[PDB]
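Visitor: Structure file my_file.txt, compact mmCIF, N, CA and C atoms, is pasted below:
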# COMPACT_ATOMS: atom_id res chain seq x y z
N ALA A 349 -4.24 -9.54 2.71
CA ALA A 349 -4.88 -8.29 2.30
C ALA A 349 -6.22 -8.01 3.03
N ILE A 350 -6.27 -8.31 4.34
CA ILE A 350 -7.33 -7.79 5.22
C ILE A 350 -7.14 -6.30 5.54
N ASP A 351 -5.89 -5.83 5.58
CA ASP A 351 -5.56 -4.41 5.49
C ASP A 351 -5.97 -3.82 4.14
N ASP A 352 -6.10 -2.49 4.05
CA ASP A 352 -6.30 -1.82 2.75
C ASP A 352 -5.07 -1.97 1.83
N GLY A 353 -3.87 -1.96 2.41
CA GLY A 353 -2.64 -2.41 1.76
C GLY A 353 -2.35 -3.90 1.96
N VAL A 354 -1.08 -4.31 1.86
CA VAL A 354 -0.69 -5.70 2.14
C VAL A 354 -0.91 -6.06 3.62
N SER A 355 -0.98 -7.36 3.93
CA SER A 355 -0.98 -7.88 5.29
C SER A 355 -0.21 -9.20 5.36
N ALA A 356 0.12 -9.65 6.57
CA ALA A 356 1.08 -10.74 6.80
C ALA A 356 0.80 -12.04 6.00
N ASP A 357 1.77 -12.50 5.21
CA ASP A 357 1.67 -13.69 4.36
C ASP A 357 2.29 -14.96 4.99
N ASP A 358 2.98 -14.85 6.12
CA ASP A 358 3.41 -16.02 6.91
C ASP A 358 2.25 -16.65 7.72
N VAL A 359 1.06 -16.03 7.71
CA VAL A 359 -0.21 -16.62 8.18
C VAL A 359 -0.48 -17.96 7.50
N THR A 360 -0.86 -18.97 8.28
CA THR A 360 -1.09 -20.35 7.79
C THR A 360 -2.37 -20.94 8.36
N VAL A 361 -3.08 -21.75 7.57
CA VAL A 361 -4.40 -22.28 7.92
C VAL A 361 -4.45 -23.79 7.71
N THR A 362 -4.97 -24.50 8.71
CA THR A 362 -5.15 -25.96 8.73
C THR A 362 -6.58 -26.30 9.18
N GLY A 363 -6.91 -27.55 9.51
CA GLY A 363 -8.30 -27.97 9.73
C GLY A 363 -9.09 -28.10 8.42
N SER A 364 -10.42 -28.16 8.48
CA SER A 364 -11.28 -28.37 7.30
C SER A 364 -12.75 -27.99 7.53
N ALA A 365 -13.52 -27.86 6.44
CA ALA A 365 -14.99 -27.82 6.44
C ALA A 365 -15.63 -26.75 7.35
N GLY A 366 -14.96 -25.61 7.52
CA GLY A 366 -15.38 -24.52 8.41
C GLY A 366 -14.67 -24.52 9.77
N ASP A 367 -14.14 -25.66 10.24
CA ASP A 367 -13.56 -25.73 11.58
C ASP A 367 -12.20 -25.02 11.74
N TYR A 368 -11.70 -24.44 10.64
CA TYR A 368 -10.29 -24.22 10.33
C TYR A 368 -9.41 -23.77 11.50
N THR A 369 -8.30 -24.48 11.69
CA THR A 369 -7.21 -24.13 12.60
C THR A 369 -6.29 -23.10 11.93
N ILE A 370 -6.71 -21.84 12.00
CA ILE A 370 -5.99 -20.65 11.56
C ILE A 370 -4.85 -20.35 12.54
N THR A 371 -3.66 -20.02 12.06
CA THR A 371 -2.58 -19.45 12.88
C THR A 371 -2.14 -18.09 12.35
N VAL A 372 -2.21 -17.07 13.20
CA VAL A 372 -2.12 -15.65 12.84
C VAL A 372 -1.40 -14.83 13.91
N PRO A 373 -0.79 -13.68 13.57
CA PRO A 373 -0.32 -12.73 14.56
C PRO A 373 -1.49 -11.97 15.22
N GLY A 374 -1.21 -11.29 16.34
CA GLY A 374 -2.16 -10.35 16.96
C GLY A 374 -3.41 -11.02 17.53
N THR A 375 -4.58 -10.43 17.27
CA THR A 375 -5.89 -10.96 17.67
C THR A 375 -6.89 -10.96 16.52
N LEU A 376 -7.69 -12.03 16.41
CA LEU A 376 -8.66 -12.27 15.34
C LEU A 376 -10.08 -12.40 15.91
N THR A 377 -11.09 -11.99 15.15
CA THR A 377 -12.52 -12.19 15.43
C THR A 377 -13.29 -12.39 14.11
N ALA A 378 -14.59 -12.68 14.13
CA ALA A 378 -15.34 -13.02 12.92
C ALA A 378 -16.80 -12.54 12.96
N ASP A 379 -17.40 -12.37 11.78
CA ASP A 379 -18.83 -12.14 11.59
C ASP A 379 -19.43 -13.24 10.71
N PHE A 380 -20.43 -13.94 11.26
CA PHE A 380 -21.16 -15.04 10.63
C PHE A 380 -22.59 -14.65 10.21
N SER A 381 -23.01 -13.39 10.40
CA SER A 381 -24.38 -12.94 10.07
C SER A 381 -24.71 -13.01 8.58
N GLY A 382 -23.69 -13.12 7.72
CA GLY A 382 -23.86 -13.39 6.29
C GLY A 382 -24.15 -14.85 5.94
N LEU A 383 -24.03 -15.79 6.89
CA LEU A 383 -24.23 -17.23 6.71
C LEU A 383 -25.51 -17.68 7.44
N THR A 384 -26.43 -18.30 6.71
CA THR A 384 -27.84 -18.38 7.12
C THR A 384 -28.12 -19.43 8.21
N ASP A 385 -27.52 -20.62 8.11
CA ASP A 385 -27.85 -21.80 8.93
C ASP A 385 -26.65 -22.77 9.02
N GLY A 386 -26.73 -23.76 9.91
CA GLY A 386 -25.63 -24.66 10.30
C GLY A 386 -25.14 -24.36 11.72
N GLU A 387 -25.16 -23.08 12.10
CA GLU A 387 -25.11 -22.56 13.47
C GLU A 387 -23.86 -22.92 14.31
N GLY A 388 -22.87 -23.61 13.75
CA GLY A 388 -21.58 -23.86 14.41
C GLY A 388 -20.69 -22.62 14.61
N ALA A 389 -21.13 -21.45 14.14
CA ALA A 389 -20.45 -20.16 14.18
C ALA A 389 -19.75 -19.87 15.53
N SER A 390 -18.41 -19.84 15.51
CA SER A 390 -17.54 -19.85 16.69
C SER A 390 -16.16 -19.24 16.38
N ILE A 391 -15.36 -19.00 17.42
CA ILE A 391 -13.90 -18.96 17.32
C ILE A 391 -13.31 -19.42 18.67
N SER A 392 -12.19 -20.14 18.66
CA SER A 392 -11.64 -20.80 19.85
C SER A 392 -10.12 -20.95 19.77
N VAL A 393 -9.42 -21.12 20.90
CA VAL A 393 -7.95 -21.17 20.97
C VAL A 393 -7.45 -22.57 21.36
N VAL A 394 -6.36 -23.04 20.75
CA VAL A 394 -5.78 -24.39 20.99
C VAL A 394 -4.24 -24.37 20.92
N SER A 395 -3.56 -25.21 21.72
CA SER A 395 -2.10 -25.10 21.96
C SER A 395 -1.28 -26.40 21.82
N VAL A 396 -1.87 -27.58 22.03
CA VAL A 396 -1.12 -28.86 22.12
C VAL A 396 -0.84 -29.54 20.77
N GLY A 397 -1.47 -29.09 19.67
CA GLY A 397 -1.34 -29.68 18.33
C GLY A 397 -1.99 -31.05 18.19
N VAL B 299 17.06 12.07 9.79
CA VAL B 299 15.63 12.04 10.13
C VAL B 299 15.20 13.41 10.62
N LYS B 300 14.15 13.98 10.03
CA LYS B 300 13.51 15.21 10.52
C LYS B 300 12.61 14.87 11.71
N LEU B 301 12.63 15.67 12.77
CA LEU B 301 11.85 15.45 13.98
C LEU B 301 10.68 16.44 14.05
N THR B 302 9.47 15.98 14.39
CA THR B 302 8.26 16.80 14.46
C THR B 302 7.46 16.47 15.71
N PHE B 303 6.62 17.37 16.22
CA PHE B 303 5.82 17.05 17.39
C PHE B 303 4.74 16.01 17.07
N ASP B 304 3.68 16.38 16.36
CA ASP B 304 2.71 15.43 15.83
C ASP B 304 3.30 14.65 14.64
N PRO B 305 2.71 13.50 14.26
CA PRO B 305 3.00 12.88 12.97
C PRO B 305 2.46 13.75 11.84
N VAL B 306 3.12 13.74 10.68
CA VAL B 306 2.82 14.62 9.54
C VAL B 306 2.88 13.90 8.19
N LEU B 307 1.98 14.26 7.27
CA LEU B 307 2.03 13.84 5.87
C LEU B 307 3.20 14.51 5.13
N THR B 308 3.97 13.74 4.35
CA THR B 308 5.13 14.24 3.60
C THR B 308 4.72 14.49 2.15
N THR B 309 5.05 15.66 1.60
CA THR B 309 4.73 16.00 0.20
C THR B 309 5.88 15.65 -0.72
N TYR B 310 5.60 14.96 -1.82
CA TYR B 310 6.57 14.55 -2.83
C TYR B 310 6.21 15.09 -4.21
N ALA B 311 7.22 15.33 -5.04
CA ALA B 311 7.06 15.39 -6.49
C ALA B 311 7.74 14.17 -7.14
N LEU B 312 7.04 13.54 -8.08
CA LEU B 312 7.51 12.45 -8.93
C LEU B 312 7.49 12.93 -10.39
N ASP B 313 8.63 12.89 -11.06
CA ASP B 313 8.84 13.46 -12.39
C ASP B 313 9.53 12.46 -13.31
N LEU B 314 8.86 12.05 -14.39
CA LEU B 314 9.41 11.06 -15.33
C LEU B 314 10.31 11.67 -16.41
N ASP B 315 10.53 12.99 -16.42
CA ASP B 315 11.48 13.68 -17.30
C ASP B 315 11.33 13.33 -18.80
N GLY B 316 10.09 13.21 -19.28
CA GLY B 316 9.80 12.91 -20.68
C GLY B 316 10.00 11.46 -21.11
N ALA B 317 10.05 10.51 -20.17
CA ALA B 317 10.07 9.08 -20.48
C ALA B 317 8.94 8.65 -21.42
N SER B 318 9.27 7.87 -22.44
CA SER B 318 8.40 7.66 -23.62
C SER B 318 7.67 6.32 -23.62
N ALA B 319 8.18 5.31 -22.92
CA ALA B 319 7.60 3.97 -22.85
C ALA B 319 8.15 3.19 -21.65
N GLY B 320 7.54 2.05 -21.33
CA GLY B 320 7.97 1.18 -20.23
C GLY B 320 7.26 1.49 -18.91
N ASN B 321 7.71 0.87 -17.82
CA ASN B 321 7.07 0.98 -16.49
C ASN B 321 8.08 1.34 -15.39
N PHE B 322 7.65 2.15 -14.42
CA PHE B 322 8.36 2.41 -13.17
C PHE B 322 7.68 1.69 -11.99
N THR B 323 8.24 1.83 -10.79
CA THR B 323 7.68 1.25 -9.56
C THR B 323 7.83 2.22 -8.39
N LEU B 324 6.97 2.10 -7.38
CA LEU B 324 7.00 2.88 -6.14
C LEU B 324 7.15 1.96 -4.94
N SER B 325 7.80 2.42 -3.88
CA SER B 325 7.83 1.71 -2.60
C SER B 325 7.60 2.66 -1.42
N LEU B 326 6.76 2.25 -0.48
CA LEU B 326 6.37 3.03 0.70
C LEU B 326 6.82 2.27 1.95
N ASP B 327 7.69 2.86 2.78
CA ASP B 327 8.34 2.16 3.90
C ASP B 327 8.97 0.80 3.49
N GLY B 328 9.44 0.71 2.24
CA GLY B 328 10.02 -0.49 1.64
C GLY B 328 9.03 -1.52 1.10
N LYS B 329 7.72 -1.39 1.37
CA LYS B 329 6.68 -2.19 0.72
C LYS B 329 6.58 -1.79 -0.76
N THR B 330 6.68 -2.73 -1.70
CA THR B 330 6.69 -2.42 -3.14
C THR B 330 5.30 -2.37 -3.76
N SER B 331 5.09 -1.48 -4.73
CA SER B 331 3.96 -1.53 -5.67
C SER B 331 4.15 -2.60 -6.74
N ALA B 332 3.08 -2.89 -7.47
CA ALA B 332 3.18 -3.45 -8.81
C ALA B 332 3.78 -2.43 -9.80
N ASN B 333 4.07 -2.85 -11.03
CA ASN B 333 4.54 -1.99 -12.11
C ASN B 333 3.52 -0.90 -12.48
N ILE B 334 3.98 0.33 -12.69
CA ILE B 334 3.18 1.51 -13.05
C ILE B 334 3.58 2.01 -14.45
N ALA B 335 2.61 2.27 -15.32
CA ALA B 335 2.86 2.73 -16.69
C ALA B 335 3.31 4.20 -16.77
N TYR B 336 4.19 4.51 -17.73
CA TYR B 336 4.79 5.84 -17.91
C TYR B 336 3.78 6.99 -18.12
N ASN B 337 2.53 6.68 -18.46
CA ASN B 337 1.44 7.65 -18.60
C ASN B 337 0.18 7.25 -17.81
N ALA B 338 0.33 6.48 -16.73
CA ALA B 338 -0.78 6.10 -15.86
C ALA B 338 -1.52 7.34 -15.32
N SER B 339 -2.85 7.26 -15.18
CA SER B 339 -3.64 8.43 -14.75
C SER B 339 -3.38 8.82 -13.30
N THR B 340 -3.64 10.07 -12.95
CA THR B 340 -3.43 10.58 -11.58
C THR B 340 -4.26 9.79 -10.55
N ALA B 341 -5.50 9.42 -10.89
CA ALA B 341 -6.33 8.55 -10.06
C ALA B 341 -5.80 7.10 -10.01
N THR B 342 -5.20 6.60 -11.09
CA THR B 342 -4.54 5.28 -11.11
C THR B 342 -3.35 5.25 -10.16
N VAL B 343 -2.53 6.31 -10.11
CA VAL B 343 -1.39 6.39 -9.19
C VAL B 343 -1.87 6.31 -7.73
N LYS B 344 -2.91 7.06 -7.33
CA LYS B 344 -3.51 6.90 -5.99
C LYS B 344 -4.02 5.47 -5.78
N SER B 345 -4.82 4.97 -6.72
CA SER B 345 -5.45 3.64 -6.61
C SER B 345 -4.42 2.51 -6.52
N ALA B 346 -3.23 2.68 -7.10
CA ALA B 346 -2.11 1.78 -6.87
C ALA B 346 -1.60 1.94 -5.43
N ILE B 347 -1.15 3.14 -5.03
CA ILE B 347 -0.47 3.38 -3.74
C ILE B 347 -1.29 2.84 -2.56
N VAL B 348 -2.61 3.03 -2.54
CA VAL B 348 -3.45 2.59 -1.41
C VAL B 348 -3.43 1.08 -1.20
N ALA B 349 -3.03 0.29 -2.20
CA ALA B 349 -2.96 -1.16 -2.10
C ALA B 349 -1.64 -1.68 -1.49
N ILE B 350 -0.66 -0.83 -1.20
CA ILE B 350 0.69 -1.28 -0.85
C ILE B 350 0.84 -1.61 0.64
N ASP B 351 0.63 -0.67 1.56
CA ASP B 351 1.12 -0.79 2.95
C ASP B 351 0.00 -1.04 3.98
N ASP B 352 0.24 -1.93 4.94
CA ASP B 352 -0.71 -2.28 5.99
C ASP B 352 -1.33 -1.02 6.64
N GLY B 353 -2.65 -1.02 6.81
CA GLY B 353 -3.41 0.08 7.40
C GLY B 353 -3.52 1.38 6.58
N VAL B 354 -2.79 1.56 5.47
CA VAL B 354 -2.78 2.83 4.72
C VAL B 354 -4.06 2.99 3.90
N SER B 355 -5.05 3.65 4.50
CA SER B 355 -6.34 3.91 3.86
C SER B 355 -6.24 4.93 2.72
N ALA B 356 -7.14 4.81 1.75
CA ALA B 356 -7.41 5.84 0.76
C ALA B 356 -7.89 7.19 1.35
N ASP B 357 -8.20 7.24 2.65
CA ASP B 357 -8.47 8.48 3.39
C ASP B 357 -7.24 9.38 3.55
N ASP B 358 -6.06 8.78 3.76
CA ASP B 358 -4.85 9.51 4.17
C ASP B 358 -3.93 9.85 2.99
N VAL B 359 -3.81 8.95 2.02
CA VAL B 359 -3.10 9.21 0.77
C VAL B 359 -3.87 10.22 -0.08
N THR B 360 -3.20 11.17 -0.73
CA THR B 360 -3.80 11.87 -1.88
C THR B 360 -2.76 12.31 -2.91
N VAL B 361 -3.19 12.50 -4.16
CA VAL B 361 -2.33 12.69 -5.33
C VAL B 361 -2.95 13.74 -6.25
N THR B 362 -2.14 14.61 -6.86
CA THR B 362 -2.58 15.54 -7.90
C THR B 362 -1.46 15.80 -8.90
N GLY B 363 -1.79 16.09 -10.16
CA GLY B 363 -0.81 16.22 -11.24
C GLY B 363 -1.33 15.76 -12.60
N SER B 364 -0.41 15.49 -13.52
CA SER B 364 -0.68 15.15 -14.92
C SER B 364 0.23 14.00 -15.39
N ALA B 365 -0.05 13.39 -16.54
CA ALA B 365 0.74 12.25 -17.02
C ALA B 365 2.24 12.59 -17.10
N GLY B 366 3.07 11.82 -16.40
CA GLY B 366 4.52 12.03 -16.27
C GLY B 366 4.98 13.05 -15.21
N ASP B 367 4.07 13.73 -14.52
CA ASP B 367 4.37 14.74 -13.49
C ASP B 367 3.32 14.71 -12.37
N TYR B 368 3.63 14.03 -11.27
CA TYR B 368 2.69 13.75 -10.19
C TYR B 368 3.20 14.32 -8.87
N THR B 369 2.32 14.90 -8.06
CA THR B 369 2.62 15.29 -6.68
C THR B 369 1.79 14.46 -5.73
N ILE B 370 2.41 13.94 -4.67
CA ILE B 370 1.85 12.89 -3.81
C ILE B 370 1.99 13.34 -2.36
N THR B 371 0.96 13.18 -1.53
CA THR B 371 1.06 13.39 -0.07
C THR B 371 0.70 12.11 0.66
N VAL B 372 1.61 11.60 1.49
CA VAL B 372 1.52 10.26 2.08
C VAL B 372 2.22 10.22 3.46
N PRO B 373 1.81 9.39 4.43
CA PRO B 373 2.38 9.44 5.79
C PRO B 373 3.76 8.79 5.95
N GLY B 374 4.12 7.81 5.11
CA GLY B 374 5.40 7.09 5.18
C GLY B 374 6.54 7.72 4.36
N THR B 375 7.69 7.06 4.34
CA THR B 375 8.79 7.33 3.40
C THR B 375 8.48 6.71 2.04
N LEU B 376 8.07 7.52 1.07
CA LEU B 376 7.93 7.10 -0.33
C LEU B 376 9.29 7.11 -1.05
N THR B 377 9.47 6.18 -1.97
CA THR B 377 10.65 5.97 -2.82
C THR B 377 10.21 5.36 -4.15
N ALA B 378 11.10 5.32 -5.15
CA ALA B 378 10.80 4.78 -6.48
C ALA B 378 11.97 3.98 -7.06
N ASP B 379 11.67 3.13 -8.04
CA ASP B 379 12.67 2.52 -8.93
C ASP B 379 12.17 2.58 -10.38
N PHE B 380 12.92 3.28 -11.23
CA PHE B 380 12.62 3.51 -12.65
C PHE B 380 13.15 2.41 -13.58
N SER B 381 13.79 1.37 -13.06
CA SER B 381 14.37 0.30 -13.89
C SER B 381 13.28 -0.44 -14.67
N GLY B 382 13.28 -0.31 -16.00
CA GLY B 382 12.21 -0.77 -16.89
C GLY B 382 11.40 0.36 -17.55
N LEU B 383 11.62 1.61 -17.14
CA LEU B 383 11.23 2.81 -17.86
C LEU B 383 12.24 3.08 -19.00
N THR B 384 11.83 3.73 -20.09
CA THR B 384 12.69 4.01 -21.25
C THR B 384 12.62 5.48 -21.68
N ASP B 385 13.74 6.02 -22.16
CA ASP B 385 14.00 7.47 -22.26
C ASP B 385 13.83 8.19 -20.90
N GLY B 386 14.01 7.46 -19.80
CA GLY B 386 13.62 7.86 -18.45
C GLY B 386 14.73 7.78 -17.41
N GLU B 387 15.99 7.61 -17.80
CA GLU B 387 17.13 7.64 -16.89
C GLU B 387 17.37 9.03 -16.23
N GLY B 388 16.70 10.08 -16.72
CA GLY B 388 16.65 11.40 -16.09
C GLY B 388 15.51 11.58 -15.07
N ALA B 389 14.60 10.61 -14.92
CA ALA B 389 13.48 10.69 -13.98
C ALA B 389 13.93 10.85 -12.52
N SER B 390 13.07 11.40 -11.68
CA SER B 390 13.39 11.72 -10.28
C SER B 390 12.17 11.70 -9.37
N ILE B 391 12.40 11.45 -8.08
CA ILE B 391 11.42 11.62 -7.00
C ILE B 391 12.07 12.38 -5.85
N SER B 392 11.39 13.37 -5.28
CA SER B 392 11.94 14.23 -4.23
C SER B 392 10.88 14.77 -3.26
N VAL B 393 11.27 15.06 -2.02
CA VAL B 393 10.41 15.74 -1.04
C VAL B 393 10.32 17.23 -1.36
N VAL B 394 9.14 17.82 -1.18
CA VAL B 394 8.80 19.20 -1.57
C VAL B 394 8.25 19.98 -0.38
N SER B 395 8.57 21.27 -0.30
CA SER B 395 8.10 22.20 0.72
C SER B 395 6.59 22.47 0.64
N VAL B 396 6.06 23.31 1.54
CA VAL B 396 4.82 24.04 1.26
C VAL B 396 4.96 24.87 -0.03
N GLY B 397 3.87 25.07 -0.76
CA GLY B 397 3.85 25.80 -2.04
C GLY B 397 2.46 25.94 -2.64
Would it be possible to restate this file's structure as C-alpha cells?

Guide:
Amino acid sequence: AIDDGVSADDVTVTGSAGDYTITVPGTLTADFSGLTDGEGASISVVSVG
Amino acid sequence: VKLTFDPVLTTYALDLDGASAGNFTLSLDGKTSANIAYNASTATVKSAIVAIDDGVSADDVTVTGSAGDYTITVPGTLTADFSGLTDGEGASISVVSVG
C-alpha cells in the first residue's frame, strides 16, 4: 500500500537492523531526512545471494 | 469494448433497490473492496473506492448520491457483488450517459 490503492504483495524483505535486502518490482528510492543520526542512509543493488 | 481518442472517466449508477440489511462489495479492474454497508455514506463509498486500485488517487474518483442510491465516476471498469446483502437480490450496477 505505497500506492493510494493496493500495491504488490509478492514483495519480500530480508537482511536486518536497517540494512534490509528488499526485493521489489520496478525501481525504488528512499528519504532518510526524518532520521536524525547513525548516517548509514543508503540504497544499493546485489545479485549473487 | 468502447473505443475513445483520449482516456475517459466512466459514469455509473449503483442501486440497492430497497435492500434492508447486510453488506455488498465493489471491484475496480477486478481489484476487490472490503465489505460495504447497505446504508454507508456517500463520502464513505468514495473513501472505500480510493483504497482499492494501484495509483487510483482521490483526485480522479468522485461520487454523489444518497443512502442506497449512488452515482460514481471512475477511470477503470467498476463492478459489484451483492452476495451478503438482504432484501437486495433486485440490486443493480450500470453505466450511465451524460445527464

Visitor: Which residues come within 6 Å of residue 335 of chain B, counting all atoms listed in the file, excluding same-chain residues fewer than 4 positions away, as a short mmCIF file (atom, residue, chain, number, x, y, z; two decimals) with N, CA and C atoms, in the frame of the given file?

Guide:
data_model
loop_
_atom_site.label_atom_id
_atom_site.label_comp_id
_atom_site.auth_asym_id
_atom_site.auth_seq_id
_atom_site.Cartn_x
_atom_site.Cartn_y
_atom_site.Cartn_z
N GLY B 320 7.54 2.05 -21.33
CA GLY B 320 7.97 1.18 -20.23
C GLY B 320 7.26 1.49 -18.91
N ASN B 321 7.71 0.87 -17.82
CA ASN B 321 7.07 0.98 -16.49
C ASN B 321 8.08 1.34 -15.39
N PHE B 322 7.65 2.15 -14.42
CA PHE B 322 8.36 2.41 -13.17
C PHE B 322 7.68 1.69 -11.99
#

Visitor: I need the residues in chain B that are strand (DSSP E or B) according to DSSP; give them as a PyMOL selection string.

Guide: chain B and resi 308-313+319-326+329-330+334-335+360-364+367-372+376-379+381+383-384+390-393

Visitor: Report as a PDB file with N, CA and C atoms, keeping the file's coordinate frame all protein, DNA and RNA residues lying within 12 Å of residue 374 of chain B, evaluated on only C-alpha atoms, omitting residues in the same chain fewer than 6 positions from it.

Guide:
ATOM      1  N   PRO B 305       2.710  13.500  14.260  1.00  0.00           N
ATOM      2  CA  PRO B 305       3.000  12.880  12.970  1.00  0.00           C
ATOM      3  C   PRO B 305       2.460  13.750  11.840  1.00  0.00           C
ATOM      4  N   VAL B 306       3.120  13.740  10.680  1.00  0.00           N
ATOM      5  CA  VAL B 306       2.820  14.620   9.540  1.00  0.00           C
ATOM      6  C   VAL B 306       2.880  13.900   8.190  1.00  0.00           C
ATOM      7  N   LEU B 307       1.980  14.260   7.270  1.00  0.00           N
ATOM      8  CA  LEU B 307       2.030  13.840   5.870  1.00  0.00           C
ATOM      9  C   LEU B 307       3.200  14.510   5.130  1.00  0.00           C
ATOM     10  N   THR B 308       3.970  13.740   4.350  1.00  0.00           N
ATOM     11  CA  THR B 308       5.130  14.240   3.600  1.00  0.00           C
ATOM     12  C   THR B 308       4.720  14.490   2.150  1.00  0.00           C
ATOM     13  N   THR B 309       5.050  15.660   1.600  1.00  0.00           N
ATOM     14  CA  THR B 309       4.730  16.000   0.200  1.00  0.00           C
ATOM     15  C   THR B 309       5.880  15.650  -0.720  1.00  0.00           C
ATOM     16  N   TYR B 310       5.600  14.960  -1.820  1.00  0.00           N
ATOM     17  CA  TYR B 310       6.570  14.550  -2.830  1.00  0.00           C
ATOM     18  C   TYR B 310       6.210  15.090  -4.210  1.00  0.00           C
ATOM     19  N   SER B 325       7.800   2.420  -3.880  1.00  0.00           N
ATOM     20  CA  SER B 325       7.830   1.710  -2.600  1.00  0.00           C
ATOM     21  C   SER B 325       7.600   2.660  -1.420  1.00  0.00           C
ATOM     22  N   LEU B 326       6.760   2.250  -0.480  1.00  0.00           N
ATOM     23  CA  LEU B 326       6.370   3.030   0.700  1.00  0.00           C
ATOM     24  C   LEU B 326       6.820   2.270   1.950  1.00  0.00           C
ATOM     25  N   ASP B 327       7.690   2.860   2.780  1.00  0.00           N
ATOM     26  CA  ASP B 327       8.340   2.160   3.900  1.00  0.00           C
ATOM     27  C   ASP B 327       8.970   0.800   3.490  1.00  0.00           C
ATOM     28  N   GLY B 328       9.440   0.710   2.240  1.00  0.00           N
ATOM     29  CA  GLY B 328      10.020  -0.490   1.640  1.00  0.00           C
ATOM     30  C   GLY B 328       9.030  -1.520   1.100  1.00  0.00           C
ATOM     31  N   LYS B 329       7.720  -1.390   1.370  1.00  0.00           N
ATOM     32  CA  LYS B 329       6.680  -2.190   0.720  1.00  0.00           C
ATOM     33  C   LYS B 329       6.580  -1.790  -0.760  1.00  0.00           C
ATOM     34  N   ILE B 347      -1.150   3.140  -5.030  1.00  0.00           N
ATOM     35  CA  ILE B 347      -0.470   3.380  -3.740  1.00  0.00           C
ATOM     36  C   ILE B 347      -1.290   2.840  -2.560  1.00  0.00           C
ATOM     37  N   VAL B 348      -2.610   3.030  -2.540  1.00  0.00           N
ATOM     38  CA  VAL B 348      -3.450   2.590  -1.410  1.00  0.00           C
ATOM     39  C   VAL B 348      -3.430   1.080  -1.200  1.00  0.00           C
ATOM     40  N   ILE B 350      -0.660  -0.830  -1.200  1.00  0.00           N
ATOM     41  CA  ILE B 350       0.690  -1.280  -0.850  1.00  0.00           C
ATOM     42  C   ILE B 350       0.840  -1.610   0.640  1.00  0.00           C
ATOM     43  N   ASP B 351       0.630  -0.670   1.560  1.00  0.00           N
ATOM     44  CA  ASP B 351       1.120  -0.790   2.950  1.00  0.00           C
ATOM     45  C   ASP B 351       0.000  -1.040   3.980  1.00  0.00           C
ATOM     46  N   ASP B 352       0.240  -1.930   4.940  1.00  0.00           N
ATOM     47  CA  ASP B 352      -0.710  -2.280   5.990  1.00  0.00           C
ATOM     48  C   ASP B 352      -1.330  -1.020   6.640  1.00  0.00           C
ATOM     49  N   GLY B 353      -2.650  -1.020   6.810  1.00  0.00           N
ATOM     50  CA  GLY B 353      -3.410   0.080   7.400  1.00  0.00           C
ATOM     51  C   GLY B 353      -3.520   1.380   6.580  1.00  0.00           C
ATOM     52  N   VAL B 354      -2.790   1.560   5.470  1.00  0.00           N
ATOM     53  CA  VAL B 354      -2.780   2.830   4.720  1.00  0.00           C
ATOM     54  C   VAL B 354      -4.060   2.990   3.900  1.00  0.00           C
ATOM     55  N   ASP B 358      -6.060   8.780   3.760  1.00  0.00           N
ATOM     56  CA  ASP B 358      -4.850   9.510   4.170  1.00  0.00           C
ATOM     57  C   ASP B 358      -3.930   9.850   2.990  1.00  0.00           C
ATOM     58  N   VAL B 359      -3.810   8.950   2.020  1.00  0.00           N
ATOM     59  CA  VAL B 359      -3.100   9.210   0.770  1.00  0.00           C
ATOM     60  C   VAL B 359      -3.870  10.220  -0.080  1.00  0.00           C
ATOM     61  N   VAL B 393      11.270  15.060  -2.020  1.00  0.00           N
ATOM     62  CA  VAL B 393      10.410  15.740  -1.040  1.00  0.00           C
ATOM     63  C   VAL B 393      10.320  17.230  -1.360  1.00  0.00           C
TER      64      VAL B 393
END

Visitor: Please provide as a PyMOL selection string all residues within 8 Å of segment 372-375 of chain A, with the sequence filter that same-chain residues fewer than 5 positions apart are discarded (counting all atoms listed in the file).

Guide: chain A and resi 356+358-361

Visitor: Report as a list in words the set of chain A residues whose atoms approach chain B to within 12 Å, with distances computed over only C-alpha atoms.

Guide: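 Output check: residues 349, 350, 351, 352, 353, 354, 355, 356 and 357 of chain A.
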
Visitor: Could you jot down the atom CA of residue 341 of chain B to atom CA of residue 304 of chain B separation for me, Å, one decimal place?

Guide: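 Going from atom CA of residue 341 of chain B over to atom CA of residue 304 of chain B covers 28.3 Å.
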
Visitor: Leaving out residue 389 of chain A and any residue of its chain fewer than 2 positions from it, which residues lie within 8 Å of it when counting all atoms listed in the file, given as a ChimeraX atom specification?

Guide: /A:379-380,385-387,391

Visitor: Write the residues of the selection above to a file with N, CA and C atoms, as a PDB file, in the coordinates of the input.

Guide:
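Final output, saved to again-v4.pdb:
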ATOM      1  N   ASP A 379     -17.400 -12.370  11.780  1.00  0.00           N
ATOM      2  CA  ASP A 379     -18.830 -12.140  11.590  1.00  0.00           C
ATOM      3  C   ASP A 379     -19.430 -13.240  10.710  1.00  0.00           C
ATOM      4  N   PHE A 380     -20.430 -13.940  11.260  1.00  0.00           N
ATOM      5  CA  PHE A 380     -21.160 -15.040  10.630  1.00  0.00           C
ATOM      6  C   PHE A 380     -22.590 -14.650  10.210  1.00  0.00           C
ATOM      7  N   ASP A 385     -27.520 -20.620   8.110  1.00  0.00           N
ATOM      8  CA  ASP A 385     -27.850 -21.800   8.930  1.00  0.00           C
ATOM      9  C   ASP A 385     -26.650 -22.770   9.020  1.00  0.00           C
ATOM     10  N   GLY A 386     -26.730 -23.760   9.910  1.00  0.00           N
ATOM     11  CA  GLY A 386     -25.630 -24.660  10.300  1.00  0.00           C
ATOM     12  C   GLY A 386     -25.140 -24.360  11.720  1.00  0.00           C
ATOM     13  N   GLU A 387     -25.160 -23.080  12.100  1.00  0.00           N
ATOM     14  CA  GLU A 387     -25.110 -22.560  13.470  1.00  0.00           C
ATOM     15  C   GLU A 387     -23.860 -22.920  14.310  1.00  0.00           C
ATOM     16  N   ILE A 391     -15.360 -19.000  17.420  1.00  0.00           N
ATOM     17  CA  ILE A 391     -13.900 -18.960  17.320  1.00  0.00           C
ATOM     18  C   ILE A 391     -13.310 -19.420  18.670  1.00  0.00           C
TER      19      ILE A 391
END

Visitor: For segment 371-381 of chain A, take all atoms listed in the file, fit an axis-aligned box around them, add 8 Å to each of the six sides, then output centre and edge lengths in Å rounded to one decimal, as lines of an AutoDock Vina configuration file.

Guide:
center_x = -12.5
center_y = -15.2
center_z = 13.1
size_x = 40.4
size_y = 25.7
size_z = 25.1
